[PDB]
Every structure is written in C-alpha cells, then in structure tokens.
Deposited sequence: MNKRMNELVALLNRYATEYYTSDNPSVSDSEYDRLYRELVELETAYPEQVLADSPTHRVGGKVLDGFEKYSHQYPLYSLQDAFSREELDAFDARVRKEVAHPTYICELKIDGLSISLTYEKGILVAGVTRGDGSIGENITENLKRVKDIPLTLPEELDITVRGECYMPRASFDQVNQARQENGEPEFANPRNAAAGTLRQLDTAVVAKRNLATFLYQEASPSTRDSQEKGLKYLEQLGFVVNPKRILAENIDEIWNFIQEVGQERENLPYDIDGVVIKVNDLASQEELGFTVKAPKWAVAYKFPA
C-alpha cells in the first residue's frame, strides 16, 4: 500500500488489481475494453432547457420571471455543443460518470470519462457531490481524429459533437485516451451548495472542475441581447462549437419559487442562433 501511495506502478497495479489508487495517473491511459455499458438511473433527474428563438421570446421569459421576482439578475453562459454528462463523487472520489440518456436512465461510461484529462479523479475535500456539464472535442483536434477514423476504415465524424459523443459511447477506453476531449461543467445536480449560480461556478472551479469563462451577469434583456450579439460575432473564433446562450436567474431562492415544469426549469431558457 505505502508502496503505491508513493513504469513501476503499472507492474504493482497489474499484480494486485484488487487495490489501484483513485488518484492513480494510470486511469488516464488506455485500459480495458468493456462488455457494454451498464444502465444507470439518475439519482437527481437531469432536466432539459426550454428554447427561445428571438428577442421577443427572451422578452417573454423575462416578463414571466418578473411575475414572481422583482429584481432579477441574470447570468448568461454558453451552451457548449457536446455530449451531456453527469459525474458523481463519493468521499471526494469520482464513482460514476454517466450520459444524460432520457433524463432518467443513462449509460454508465465512468471508465471512458476517466480518460478525459480535465475530469478530476478526486477532489480536495471528502465530498459527496454530483455535477453536470458537457464533454466535447475542440475544433483543433477534429481534423486529426477524422484522419484516424479513415485509416481504421470507419466513417468520419459528421462534426465535433458527434466525434465526442461517438468517442465516449464506443467500448474501448484506450480510444478515449488518444483523442483530446475536454469539459465544461455548469452546475451541481445534487442540492446547490452556494446562493447563486455565479457562486456555484466559482465553487466548482475551486473543486478542480473546468468552468467556461465567457459569461456575464445582466439586469435586463438589453444587456443580454448585446452579449448574445457579441457571442454571435466571435463564434467562428472559439475553439469549440456552441449551439446557443443559456440565460438563468442568478439567485437560488429566486430560482426556488419560480420552480420547474415537468421537463425544464421555469427559471432558465436557451437562446438558439438563427441558421
């Protein structure tokens, strides 16, 4: 134990497989090919976003929110175009990485997710916490990957989002390890530790998770609209794809009383870019 606690590791790990370290750098490199994925039932339901296609619909959301909240502050984030995932930590160790699936049942892809270098294997405190976000492939890497799909006699990936989702849904961990996939976490799925979405993001960063930094707090739809317009202009130059901007009521208690439909928060909407 004290052995591994401090190429040698590999030998010791293949010897007593019954006792690899959670923090082992060995989980970042090629491991097993898996049978299939187990199905996993989500402890906390992974809801969806209501969509908006126009400034008027954003006006309409804002008016619906101010039916219950007098002075809302909104946080507008990017909607990353990738594969949506959920990560469960127990005692500060990542135990289950799972696809959103239908919002109730997903595929347990935990082994595959350990080879996304951005994902923390352990946390700095002994937490139980479930986080959500999107796993994706940078535009930079896409061209390379698609060359590798051809040389292996497989269909090229239609775009980065498909390349990431098809990487995480195939069965060989060692393939995940050779593509450079990354993450942006946007939320706790387990009850929020902090008072505000903007504080949750800063907290998640304190835990070791990558949080997307292009985001603002805004008081009205006019400030929001500009940010969506600045996003629309810069988006050819981002190093990942997006498919929109998410606007949320910042404060937890405000979100609380707005509540949820059977599908989505009442306190959030997702703007979608024209074609």
{"property": "Stretches of the record's deposited sequence for which the structure holds no C-alpha atoms", "result": "1, 8-36"}
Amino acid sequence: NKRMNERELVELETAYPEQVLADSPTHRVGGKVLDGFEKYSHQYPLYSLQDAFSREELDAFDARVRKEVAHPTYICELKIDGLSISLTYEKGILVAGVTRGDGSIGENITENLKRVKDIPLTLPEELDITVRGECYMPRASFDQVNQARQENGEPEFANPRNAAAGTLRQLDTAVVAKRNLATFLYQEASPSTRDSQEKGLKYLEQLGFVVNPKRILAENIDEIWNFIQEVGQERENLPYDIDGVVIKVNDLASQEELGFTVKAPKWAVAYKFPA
From here on, numbers count along this sequence of modelled residues.
{"item": "190-198 versus 100-108 - which carries the larger mean C-alpha B factor in the record", "value": "100-108"}
{"item": "Mean Cα B-factor comparison, 150-158 or 87-95, giving the higher one as deposited", "value": "150-158"}
{"item": "From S141, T122, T173, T183, residue of greatest CA B-factor", "value": "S141"}
{"item": "Out of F209, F61, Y40, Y240, highest CA B-factor residue", "value": "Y40"}
{"item": "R169 - Cα temperature factor, lowest/middle/highest third of chain", "value": "middle"}
{"item": "Assigned third (lowest, middle, highest) for the C-alpha B factor of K248", "value": "lowest"}
{"item": "Third of the chain's Cα B-factor distribution that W267 belongs to, per the entry", "value": "lowest"}
{"item": "Chain thirds of CA B-factor: placement of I221", "value": "highest"}
{"item": "Ranked C-alpha temperature factor of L34 among modelled chain residues, by third", "value": "highest"}
